[PDB]
4 protein chains.
Amino acid sequence: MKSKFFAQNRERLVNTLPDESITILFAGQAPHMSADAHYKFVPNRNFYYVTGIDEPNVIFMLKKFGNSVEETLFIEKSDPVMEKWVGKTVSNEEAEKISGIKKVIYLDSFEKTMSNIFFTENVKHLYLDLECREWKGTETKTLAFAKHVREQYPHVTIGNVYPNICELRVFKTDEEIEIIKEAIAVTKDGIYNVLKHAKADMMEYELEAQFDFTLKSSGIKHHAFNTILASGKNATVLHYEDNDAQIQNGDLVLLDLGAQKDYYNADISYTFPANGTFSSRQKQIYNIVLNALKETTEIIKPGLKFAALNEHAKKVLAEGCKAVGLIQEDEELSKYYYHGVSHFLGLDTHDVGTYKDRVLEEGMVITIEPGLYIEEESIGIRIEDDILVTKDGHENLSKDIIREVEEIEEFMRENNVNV
Amino acid sequence: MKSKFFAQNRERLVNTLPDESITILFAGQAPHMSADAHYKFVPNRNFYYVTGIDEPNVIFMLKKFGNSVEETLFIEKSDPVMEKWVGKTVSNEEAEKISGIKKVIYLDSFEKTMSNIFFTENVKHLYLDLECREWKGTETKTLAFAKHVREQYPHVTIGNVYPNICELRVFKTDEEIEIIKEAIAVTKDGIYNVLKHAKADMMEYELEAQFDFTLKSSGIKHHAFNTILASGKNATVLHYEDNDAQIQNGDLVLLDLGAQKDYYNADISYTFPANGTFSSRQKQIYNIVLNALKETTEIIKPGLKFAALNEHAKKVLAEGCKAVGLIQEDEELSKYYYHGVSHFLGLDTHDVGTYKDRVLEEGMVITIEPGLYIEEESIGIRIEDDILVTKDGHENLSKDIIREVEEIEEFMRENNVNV
Amino acid sequence: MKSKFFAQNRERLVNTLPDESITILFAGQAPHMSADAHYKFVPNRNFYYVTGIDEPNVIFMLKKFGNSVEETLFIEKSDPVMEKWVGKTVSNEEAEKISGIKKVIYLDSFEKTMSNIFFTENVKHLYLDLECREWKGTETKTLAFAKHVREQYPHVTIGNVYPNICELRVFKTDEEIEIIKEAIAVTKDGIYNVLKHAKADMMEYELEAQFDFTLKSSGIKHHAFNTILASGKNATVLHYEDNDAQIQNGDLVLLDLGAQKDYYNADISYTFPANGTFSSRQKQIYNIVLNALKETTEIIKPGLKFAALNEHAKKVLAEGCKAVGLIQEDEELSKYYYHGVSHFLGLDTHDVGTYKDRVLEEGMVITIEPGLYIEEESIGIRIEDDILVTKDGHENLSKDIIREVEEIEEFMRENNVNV
Amino acid sequence: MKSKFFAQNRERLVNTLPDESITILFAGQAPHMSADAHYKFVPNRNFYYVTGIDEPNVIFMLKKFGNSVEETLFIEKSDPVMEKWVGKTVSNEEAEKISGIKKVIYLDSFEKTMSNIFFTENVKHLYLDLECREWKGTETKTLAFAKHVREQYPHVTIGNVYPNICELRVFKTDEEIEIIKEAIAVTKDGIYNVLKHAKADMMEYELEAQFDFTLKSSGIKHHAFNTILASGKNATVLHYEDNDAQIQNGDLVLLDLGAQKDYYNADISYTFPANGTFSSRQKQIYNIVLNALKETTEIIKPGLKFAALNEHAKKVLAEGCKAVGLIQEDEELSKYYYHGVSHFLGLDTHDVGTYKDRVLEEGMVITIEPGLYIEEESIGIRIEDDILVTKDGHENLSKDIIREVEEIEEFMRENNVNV
Ligand SMILES: [Mn+2]
Ligand SMILES: [Mn+2]
Ligand SMILES: [Mn+2]
Ligand SMILES: [Mn+2]
Ligand SMILES: [Mn+2]
Ligand SMILES: [Mn+2]
Ligand SMILES: [Mn+2]
Ligand SMILES: [Mn+2]
């Protein structure tokens, strides 16, 4: 991932913003976890998308005046003492090389800069990234910053740049797609490794261990999200994360997981039989889902209404359910299939972007993940691919992952130590 | 960990609080990570220590009036929709069973309870757990709550119960020490597994993968802290976490890691030769550090001033450094050893409790971690044990971990595939 | 009053609001009175006019997006315990039937809806009913709400819908006029009852009781405002409410009062001799006022500047005063007549709507209430009618109430038990 | 009520407050009702009890320093314009005469007095009347005042004087009791008036009108609380206020109402048969309730725990219910009797004062109000007397009200036009 990518993102962002306005983005800090410990730092995707900087506590500013456009970074100064504890923070020159932003100055001059901007330069329009997902959320640095601006500069108009950046993230470039592909690749390897080691009478976490191992030893530092490794009746809980039950012989195992490469996410659901063999009933239910996957993936092309995806998924899932006698009428389905089939994928696993009235266009990456959940039969199945919308159709980024009942049983037979 | 342990914690806590006072503790929730994702929930250690409840969103209350003492829990009501996404939350009866608290009610009655406590019952003294580590920190649910109490009940005196509970956590019971013991035990297995798989020309993270595997397969859901796996020059950064450099032949490998069992933490530092053989120079520096370990461990017993540990450590390290020729005078040491030698250990890896004027006493668990860091030689060494203070001395909780140069070289010969 | 009425109110309201905006109205709750008691709940007239709902604590919401328009109500869930104290609150179905609003959901989902509205749907323009009559007023739930919106969604623009709804309330429909007519009708009955029971040497409140009785026994739950029942010198205080003096023989009695029907208000002032016979002097002053009432009512018609009413009232009052000898020049009138002659009438007694530059138009209901107040003679007289502005003139909604000196003396002779 | 009464109230209050402290009480103002209308002003009882001033917008201040004690009143200055609308506000001399407070100054000097108090005199301890009954209540003038003091004078300790005054109000003097007696007297007259006019096939409000009439024409300006006039099944809803149903022949009618004299409250519940005859079944239930009344009133005397009243009430209601076969065991009572039997009475209807661990003492006025409510039989009966606790027993303040079934049937036969 090279500076040119980020520079172009800024060009595009610039074109969405009014003239005579300033925009500020904050890298953020890792939140407190417990005692003196903090959580692992997670780069703010919008900030990162715009600056290419993956470190805390940097600040980015974009001034738009007349025909001019001025971008600036504020980084930390070096601290010889802290370097013996945590290593060196990004340097002036590194920051410029990475971000492609020419003007890189220090945080200690941010306050004075604020003073000039809002007084000397009579700026009237400020944009911040105002992501606020909860009505009763608690105050964040950003919101606090907005409150401050409101009090010192009550005449300044505040706008939200969040939506502006999200709508750009919706359309992936080729190098973005390449990284996702790599993430998927490693996820496949992880899954295959699970398939090669799975057996009955084995703890769910013993299997999770194998997936984690494959990712870790290939250099992947993070997962896309928390691994779902659910066997038997547990696969009925959508985001089951306990992963601490014993896998019974005859149990189906649902995997929902993904590696993360350079801050891009893969997202795969995969269901297989623990003992290497699908039961007659499991084979039925699995193929109904798998149909819904193929059918739904099929209709993907520019011009299609996003809402059509789940509509079709529900149609196909209902036909399969009837055929098999699980239900009589379409309405009963919500008892066995109670989520949406698709979501954007990118810098975030449930990537950003509006869905309302969304129409599919070239460049979008979305997931397709139909599933069926039968509590009384202790069967949970979900199968999920990551699809790229192309110029005149789609490309299945995760097609290399074998999905057919025959292919799975065969693979576990050749490769699984204890089958 | 059985409810009697938490009931007793509450009994001791009660004795530290004034009469005519109410205390409230909050379980909290997982902080925002990115987009719709949150971090993994980490039980608030104080809240956990007092209630034994490891779920979010619960509230605890302790009324102390006259001769009375009334404990209450507020839990979430069940939600048939969310149960299909995340599973059931603790039930009315389970909470009672776990915490030993008799009166358990629901959150939707918390507000009305507030109104009565502060109006009808004329309560004037409220205690909150006010952990505030940063002067320019951002507002938290608790601080917000205090603010609200200040505005609605200005006459109510607010006190901080944080210090009360930390001082209790300083003294571990037998059942506490048993869990720490288990945590160390797995850590050991982890380390051994690293020792048996290590070789030259191998990625740091490849070795981390092996440690992670051992823990995960044994059911351990979390680490104590972010594993440090630093080779050659990298061992010189105290909290080096990149774990993404190649291990050179002749390199030394510094491990600083620990498993966590039922929320209690192990914390071990271990240093070994990648190729299974210490070089002369390395053997020297190692033993110097080893000595400091045994020496400083030696003097541990109730009555000893905490400050004394680091004094002795510095003294013994300096002597080793002189004899070897690394330094001339004691003052130069700080160039090669620039941290404390000890810290409390417990529900937090850097456990709670004041250090100022601290004297050791039966019941404390602490670490001893002398090290030497020689930048110009690309040598970093740290050796760390978890010591328990007994009634007339100490007990080294991690004595089973082999430390001698001979023991290590011998072990890697017998067990390491590629030596 | 049927749902079509309110439905049309909302259609009109919609046409005054910009596109891409949301509007929220709160029913409110009764204010604290003393100890655990609250005042009688008074439906917020704007909220009522829009929803047709007379209960507390409901919330109304109107989204205007693209060509779409979505109306939603939030109501209280039923509570089997409270139903034993206060009775059932409006039900899901009743609310729909009354308001004509199809979507009716519960308050416990209001917060989540807020989150979605202001995050997911990127709403930028919010309208609230911001009636704020006092510069140093105290914070209200609505202002507290705006403050919250401002802190969480600093980019959101806040508009005031109060003016929008008031201007709609200014033009009454036929159904509205009818209700006003009913309210006036009862007021008449109440007045006649007073006339038939009045005598000298009687407590002002004794007469009040007779008027209250007529209204209550006729089903009327509330008065328009606080009954004014002023005898002798007391009629000189414009809003005299004590109502606790003894009516002297020879005293005139000024009645200012009005029944309220279905939340619409009547408003009538009526003066008469306690002993059933006007004195010469009283006949003079009464006729001066009655002249102003007729003359000022006479000029009412679409096109007329509202400011003209009081100009003419003054003119005519001064004419009567000159003729009788009370004053020499027009300027002296302010000593005897010191209020406006007219105000709007409707869901509020001093109904809403601007007066600056106002021109009369069909549909408006206004009052005409000239008076004279002569302190040194202990005479205070006011006669007030409720006028409807019609297509080409006016209609006196209270013409049935007899006003002539001879008509009153005669009525009291025939009907007053002690004359 | 003469000034000496309020003067003694302040003397007692003074003895409950620490030395070196200042106390401020606010008269308040009438809250906004609708548009330009405000609710009727209701003197804040604590303020009233301390000052004897029933006007709004006054401020009272008590300085306690060394051996000194300085009381001050701040009143409004006269406004010649407003006097023509609302009348004269309390004058400098009237204020002194009414309150017994010697130093009376004007509001326009309140602010400067605040400065001197909190700067020049170094006052550290401030008491306010901090009644706050709702955890999520809205900011009040007093809370805003507190907040202000907190911002300008952060060192100043704020205490709540509410409890202090409430405990004084709990013990009534002889002149207080007299007034309550008067309120009760009128209430009785009003009830009898209702008995004399009640018949079947008559609107509930038609009866309420009769009760209001008696009160109004006797000079009573306010009701204790909202008249409850519940017939048939409606008597089942404890605070039924609609009062708009038709009384069916055979219906029992439940009155719960009370006159207010000079701010003191009566509170009576009276049940009778609409047609003048108790049915067998009604006679049964009525007598059970009336027993509970006599029995519970009986045990009242200094030394008796307040909690005993309800315990005995339940005990005696159960016996009656068993005897009649309405229930089998005591537990079933909650189905038909679901409230407390007693509450303090005074300047408030549910008068102030703590109940927890309360022991009855001479001077206390409390109500006794057993009831039975049978939904399936459409029968709701409550009977309530106001009791005074005397030196060695109790005095029934409302004994003159006839309660026996024969007494009532007789009274209605004698006096009721239509029986
Ligand atoms: Mn997934
Ligand atoms: Mn997914
Ligand atoms: Mn360590
Ligand atoms: Mn350590
Ligand atoms: Mn009027
Ligand atoms: Mn008027
Ligand atoms: Mn009552
Ligand atoms: Mn009562």
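The record lists X-ray crystallography as the method behind this PDB entry and 2.89 Å as its resolution.

Chain A goes by Xaa-pro aminopeptidase in the PDB entry, where it is assigned to Bacillus anthracis. UniProt annotates chain A under Catalytic activity (unreviewed entry) with the comment "Release of any N-terminal amino acid, including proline, that is linked to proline, even from a dipeptide or tripeptide." For chain A, the Cofactor (unreviewed entry) comment in UniProt is given as "Mn(2+)".

Caption draft 1: Representation of the overall build of chain A in the model. In terms of helices and strands, chain A carries eleven helices and 21 strands. Here chain A has a C-alpha radius of gyration of 24 Å; the compact-globule value for 419 residues is 22 Å, and the two agree. Principal-axis analysis of the C-alpha atoms gives chain A an extent of 75 × 50 × 40 Å. A fraction of 70% describes how many contacts in chain A between residues 6 or more apart in sequence connect residues 24 or more apart.

Caption draft 2: Main features of the side chain of C:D351. All names here are of chain C. Structurally, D351 can be placed in the loop between α10 (306-324) and β17 (365-368). By relative accessible area, which is 5% here, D351 ends up buried. Reaching out from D351, the side chain makes a polar contact with the side chain of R169 at a distance of 2.9 Å. Only 3.1 Å separates the side chain of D351 from the backbone nitrogen of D348, close enough to count as a polar contact. Apart from the residues within four sequence positions on either side, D351 is in contact with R169, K172, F344, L345 and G346.

Caption draft 3: Structural detail: the sheet that holds strand β16 (residues 268-273) of chain C. Residues and elements named next belong to chain C. Strand order in the open sheet formed by three strands is β11-β13-β16, with antiparallel pairing between adjacent strands. Taken across any chain shown, the strands that pair with only one partner, and hence form the sheet edges, are β11 (228-231) and β16. Between one strand axis and the next, the sheet turns by 15 degrees as a mean value, whatever way the strands run. With four bridges connecting them, β11 and strand β13 (residues 252-257) associate as antiparallel partners.

Caption draft 4: Representation of empty space enclosed by the protein in the model. Under the counting rule described, the total for this entry stands at one cavity of 30 Å³ or more. Every residue along the wall of the largest cavity is listed here: B:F118, B:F119, B:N122, B:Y153, B:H155, D:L130, D:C132 and D:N160. Among the residues forming the lining of the largest cavity, the class breakdown is five nonpolar, three polar and no charged.

Caption draft 5: Structural detail: the sheet that holds strand β7 (residues 125-128) of chain D. Residues and elements named next belong to chain D. Sheet architecture is open: six strands sit in the order β6-β5-β4-β1-β7-β8, paired in mixed fashion. Strand pairing shows two members of the sheet lacking a second neighbour, β6 (103-106) and β8 (157-160), which therefore form its edges. Across the sheet, the axes of successive neighbouring strands diverge by a mean angle of 25 degrees, strand direction being ignored. The sheet contact formed by strand β1 (residues 21-26) and strand β4 (residues 59-65) spans six bridges and is antiparallel. Note that in β4 the partner of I22 across the bridge is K63. Sheet contacts for helix α4 (residues 110-118): β1, β4, β5 (68-75), β6 and β7; angle to β4, the most-contacted strand, approximately 20 degrees.

Caption draft 6: Looking closely at the coordination of the manganese ion (ligand 4). Residues and elements named next belong to chain B. On the protein side, the manganese ion (ligand 4) has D267 (OD), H343 (NE2) and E384 (OE) as donor atoms, found 2.4 to 2.5 Å from it. If you look at the manganese ion (ligand 4) and the manganese ion (ligand 3), they sit 3.0 Å from each other and are both ligated by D267. Here the residue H343 occupies a position in the loop between α10 (307-324) and β17 (365-368), and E384 occupies one in the loop between β19 (379-382) and β20 (385-389), the gap between them amounting to 41 residues.

Caption draft 7: The nonpolar core, seen in detail. All names here are of chain B. Counting residues in each nonpolar core, the largest one holds 103 residues, and the members touching the most others are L255, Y270, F272, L309 and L372. Per-element tally for this core: the top contributor is helix α7 (residues 174-197), with ten residues. Shared between two domains, this core holds at least three residues of each, these being domain 1 (2-171) and domain 2 (172-419). With residues near it in sequence (within four places) discarded, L372 still touches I285, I288, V289, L317, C321, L333, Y336, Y337, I379, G380 and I381.

Caption draft 8: Region of the structure containing the relation of the copies chain B and chain D. The two copies are related by a screw operation: chain B maps onto chain D through 119 degrees of rotation and 0.2 Å of translation along the axis, at an RMSD of 0.2 Å. The two molecules are tied by a three-fold rotation axis, judged by turn and shift. Different-surface contact between copies: only 7% of interface residues of chain B are shared with the interface of chain D.

Caption draft 9: Up close: the UniProt feature "binding site: Mn(2+) 2" (unreviewed entry) in chain A. All names here are of chain A. Per the UniProt record, "binding site: Mn(2+) 2" (unreviewed entry) is annotated on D267, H343, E369 and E384. Spanning 118 residues, the annotated positions come together in the fold, the maximum distance between their C-alpha atoms being 10.8 Å. For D267, the location among the structural elements is in the loop between β15 (264-265) and β16 (268-273). Taking relative accessible area as the criterion, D267 reaches 4% and is therefore assigned buried. What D267 contacts, discounting residues up to four positions off in sequence, is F225, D256, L257, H343, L345, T349, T367, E384 and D386. Looking at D267, its side chain comes within polar contact range of the side chain of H343, at 3.2 Å. Inspection of the secondary structure assignment puts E369 in the loop between β17 (365-368) and β18 (371-374).

Caption draft 10: Representation of a nonpolar patch on the surface in the model. Together, A:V81, A:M82, A:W85 and A:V86 make up a nonpolar patch on the protein surface, roughly 390 Å² of accessible area in all. For A:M82, the position within the fold is in the loop between β5 (68-75) and α3 (92-99).

Caption draft 11: Looking closely at the UniProt feature "binding site: Mn(2+) 1" (unreviewed entry) in chain A. All names here are of chain A. Per the UniProt annotation, the sites labelled "binding site: Mn(2+) 1" (unreviewed entry) are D256, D267, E369 and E384. Maximum C-alpha separation among the annotated residues is 10.2 Å over a sequence range of 129 residues, consistent with a single clustered spot. Excluding residues within four positions of it along the chain, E369 makes contact with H339, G340, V341, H343, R382, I383 and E384. Once residues lying within four places of it in the same chain are set aside, the contact partners of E384 are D256, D267, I268, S269, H343, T367, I368, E369 and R403.

Caption draft 12: Quick look at the relation of the copies chain C and chain D. Least-squares fitting of chain C to chain D yields an RMSD of 0.1 Å, with the transformation described by 0.2 Å of translation along the axis and a rotation of 179 degrees. Taken together, the turn and the small shift mark the pair as related by a two-fold rotation axis. A share of 100% of interface residues in chain C that are also interface residues in chain D marks the association as one of identical surfaces.

Caption draft 13: Quick look at unusual backbone geometry. Residue and element names in this part refer to chain A. Despite not being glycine, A35 has its phi angle at roughly 50 degrees, a positive value. The topology assignment puts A35 in the loop between β2 (32-34) and β3 (37-38). Phi is positive for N57, close to 85 degrees, though the residue is something other than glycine. As for its position among the elements, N57 is in the loop between α2 (45-51) and β4 (59-65).

Caption draft 14: Representation of the coordination of the manganese ion (ligand 2) within the structure. All names here are of chain A. Here the manganese ion (ligand 2) is held by the protein donor atoms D267 (OD), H343 (NE2) and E384 (OE), which lie 2.3 to 2.4 Å from it. One chain supplies every donor for the manganese ion (ligand 2), spaced along it as D-x75-H-x40-E. The two metals, the manganese ion (ligand 2) and the manganese ion (ligand 1), are separated by 2.9 Å and share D267 as a common coordinating residue. One end of the pair, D267, is in the loop between β15 and β16; the other, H343, is in the loop between α10 (306-324) and β17, and 76 residues separate them in sequence.

Calculation criteria
- Residues numbered from 1 in each chain as written, not as in the entry; some residues may be left out.
- Chains lettered and ligands numbered in written order.
- Part of a larger assembly, values for the part shown.
- Heavy atoms only, no water.
- UniProt positions renumbered as here; feature names shortened; annotations may be inferred.
- Helix = DSSP H or I, 4+ residues; strand = E, 2+ residues; numbered from the N terminus.
- Rg over C-alpha atoms; globule rule 2.2 N^0.38 Å.
- Contact = heavy atoms within 4.5 Å.
- Buried < 20%, exposed > 50% of the residue type's maximum accessible area, 1.4 Å probe, protein only.
- Polar contact = N/O pair within 3.5 Å; in protein donor to acceptor, adjacent residues only side chain to side chain.
- Pairing = 2+ DSSP bridges.
- Axes fitted to C-alpha atoms, helices over the stretch in contact; angles between N-to-C directions.
- 1 Å grid on protein atoms, 1.4 Å probe; cavity = no way out; pocket = protein on both sides within 12 Å on 5 of 7 lines; lining within 4 Å.
- Points joined across faces, edges and corners; volume = space filled by probe spheres on them.
- Nonpolar A, V, L, I, M, F, W, Y, C, P; charged D, E, K, R; others polar.
- Donors = N, O, S within 2.8 Å, 3.2 Å for Na, K, Ca; no water.
- Core = buried A, V, L, I, M, F, W, Y, C linked by side-chain atoms within 4.5 Å.
- Domains from an automatic or database assignment.
- Least-squares fit on C-alpha atoms.
- Patch = residues over 30% accessible without salt bridge, like charges linked within 9 Å, V, L, I, M, F, W, Y side chains within 5 Å.
- Areas by Shrake-Rupley, 256 points an atom, 1.4 Å probe, with all protein chains shown as cover.
- Salt bridge = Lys/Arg side-chain N within 4 Å of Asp/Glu carboxyl O.

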